[PDB]
Each structure stands twice: as C-alpha cells, then as structure tokens.
Amino acid sequence: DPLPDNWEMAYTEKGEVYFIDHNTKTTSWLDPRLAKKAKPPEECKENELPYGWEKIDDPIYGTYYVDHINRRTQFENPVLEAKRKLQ
Amino acid sequence: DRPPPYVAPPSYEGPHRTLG
C-alpha cells in the first residue's frame, strides 16, 4: 500500500482522496500505486475506458467523460470516438 | 455545448489535509 518517495495522500474539505507529488510539485486525483497499463482507446472493449478516464453521469448535464491525464472533459465516449474516427 | 470544466484537486502550493 505505500506511496512512492515524496508523495503524500490528502483529503479535500469533503473528504475526497487526492495525491500530492512533492517530486514535481503537483497534485492529482490519480493514485500512482494504481497506475494501470495504458492502451489506445480504440483497443478498449465494451464498457471499458482507458487508464485515466472516468465516466460521469451528471444529473444536471448528463453523461460526460473526464480524462484525468490531460485534465479534459468531453461528451463523446472516448473509446467510441476513436473507433468511430478510425472508420 | 461544452461539458462541465475539469475539476482539479487542490493546488500543490498551499495547505493540505495530509491525514493519511
């Protein structure tokens, strides 16, 4: 379970976990311990998202997709988008 | 439209609840 060297975990005001990287002076939602193998989005399967991505079903705005690596949000499922565009 | 903007964790340069 332990973090890499010069990493701390912390809680937001709400008690949400995030990670502090003192090596690069940055914070992230992504757990460095859980760093999965990445893959081209078009190589994912059904209901599969690539590493870094999170599907948000927002009661106000509806479903959208969050990429924690690029710090981007978008509406299209990124796997379906890559598959679409590769046609 | 654009979806909701990316919500980052608290910025590094500041106080953190390091209570782990």
# chains A, B, ... in the order shown; residues from 1 in each chain; ligands from 1
>>> closest_atom_pairs(of="chain A", to="chain B", cutoff="12 Å", atoms="only C-alpha atoms", output="Markdown table")
| residue | atom | partner | partner_atom | distance |
| --- | --- | --- | --- | --- |
| A:1 | CA | B:20 | CA | 11.8 |
| A:2 | CA | B:20 | CA | 10.8 |
| A:3 | CA | B:20 | CA | 10.8 |
| A:7 | CA | B:18 | CA | 10.4 |
| A:8 | CA | B:18 | CA | 6.7 |
| A:9 | CA | B:18 | CA | 6.1 |
| A:10 | CA | B:18 | CA | 4.3 |
| A:11 | CA | B:17 | CA | 5.4 |
| A:12 | CA | B:17 | CA | 6.9 |
| A:13 | CA | B:17 | CA | 8.1 |
| A:14 | CA | B:17 | CA | 10.8 |
| A:15 | CA | B:17 | CA | 9.2 |
| A:16 | CA | B:9 | CA | 9.1 |
| A:17 | CA | B:9 | CA | 8.9 |
| A:18 | CA | B:9 | CA | 6.4 |
| A:19 | CA | B:9 | CA | 8.3 |
| A:20 | CA | B:12 | CA | 6.9 |
| A:21 | CA | B:12 | CA | 8.2 |
| A:22 | CA | B:12 | CA | 8.4 |
| A:23 | CA | B:12 | CA | 11.2 |
| A:24 | CA | B:12 | CA | 9.5 |
| A:25 | CA | B:12 | CA | 6.0 |
| A:26 | CA | B:12 | CA | 5.2 |
| A:27 | CA | B:12 | CA | 5.5 |
| A:28 | CA | B:9 | CA | 6.0 |
| A:29 | CA | B:9 | CA | 6.2 |
| A:30 | CA | B:9 | CA | 9.9 |
| A:53 | CA | B:6 | CA | 12.0 |
| A:54 | CA | B:6 | CA | 11.5 |
| A:56 | CA | B:4 | CA | 10.2 |
| A:57 | CA | B:3 | CA | 11.3 |
| A:58 | CA | B:4 | CA | 9.2 |
| A:59 | CA | B:4 | CA | 11.9 |
| A:60 | CA | B:4 | CA | 9.9 |
| A:61 | CA | B:3 | CA | 7.2 |
| A:62 | CA | B:3 | CA | 8.8 |
| A:63 | CA | B:3 | CA | 8.9 |
| A:64 | CA | B:3 | CA | 6.6 |
| A:65 | CA | B:3 | CA | 8.5 |
| A:66 | CA | B:6 | CA | 7.3 |
| A:67 | CA | B:6 | CA | 8.4 |
| A:68 | CA | B:6 | CA | 8.5 |
| A:69 | CA | B:8 | CA | 11.0 |
| A:70 | CA | B:6 | CA | 9.6 |
| A:71 | CA | B:6 | CA | 5.9 |
| A:72 | CA | B:6 | CA | 5.8 |
| A:73 | CA | B:6 | CA | 5.9 |
| A:74 | CA | B:3 | CA | 5.8 |
| A:75 | CA | B:3 | CA | 6.4 |
| A:76 | CA | B:3 | CA | 10.1 |
>>> select_by_dssp(residues="stretch 28-76 of chain A", states="helix (DSSP H, G or I)", output="JSON, numbers by chain")
{"A": [32, 33, 34, 41, 42, 43]}
>>> write_last_selection(atoms="N, CA, C and O atoms", output="PDB file, in the first residue's frame")
ATOM      1  N   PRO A  32      -0.773   6.980  -7.850  1.00  0.00           N
ATOM      2  CA  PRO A  32       0.371   6.412  -8.571  1.00  0.00           C
ATOM      3  C   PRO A  32       0.564   4.908  -8.333  1.00  0.00           C
ATOM      4  O   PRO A  32       1.245   4.244  -9.114  1.00  0.00           O
ATOM      5  N   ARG A  33      -0.037   4.378  -7.271  1.00  0.00           N
ATOM      6  CA  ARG A  33       0.089   2.962  -6.950  1.00  0.00           C
ATOM      7  C   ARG A  33      -0.739   2.112  -7.898  1.00  0.00           C
ATOM      8  O   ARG A  33      -0.432   0.946  -8.152  1.00  0.00           O
ATOM      9  N   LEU A  34      -1.794   2.722  -8.414  1.00  0.00           N
ATOM     10  CA  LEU A  34      -2.788   2.029  -9.212  1.00  0.00           C
ATOM     11  C   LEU A  34      -2.552   2.218 -10.689  1.00  0.00           C
ATOM     12  O   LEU A  34      -3.409   1.873 -11.497  1.00  0.00           O
ATOM     13  N   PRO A  41      -7.270   4.141 -27.053  1.00  0.00           N
ATOM     14  CA  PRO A  41      -8.689   3.998 -26.724  1.00  0.00           C
ATOM     15  C   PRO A  41      -9.441   3.060 -27.696  1.00  0.00           C
ATOM     16  O   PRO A  41     -10.368   2.362 -27.300  1.00  0.00           O
ATOM     17  N   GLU A  42      -9.023   3.008 -28.953  1.00  0.00           N
ATOM     18  CA  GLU A  42      -9.779   2.211 -29.897  1.00  0.00           C
ATOM     19  C   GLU A  42      -9.548   0.711 -29.636  1.00  0.00           C
ATOM     20  O   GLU A  42     -10.189  -0.127 -30.252  1.00  0.00           O
ATOM     21  N   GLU A  43      -8.659   0.383 -28.699  1.00  0.00           N
ATOM     22  CA  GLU A  43      -8.358  -1.017 -28.406  1.00  0.00           C
ATOM     23  C   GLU A  43      -9.148  -1.504 -27.178  1.00  0.00           C
ATOM     24  O   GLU A  43      -9.149  -2.695 -26.859  1.00  0.00           O
TER      25      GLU A  43
END
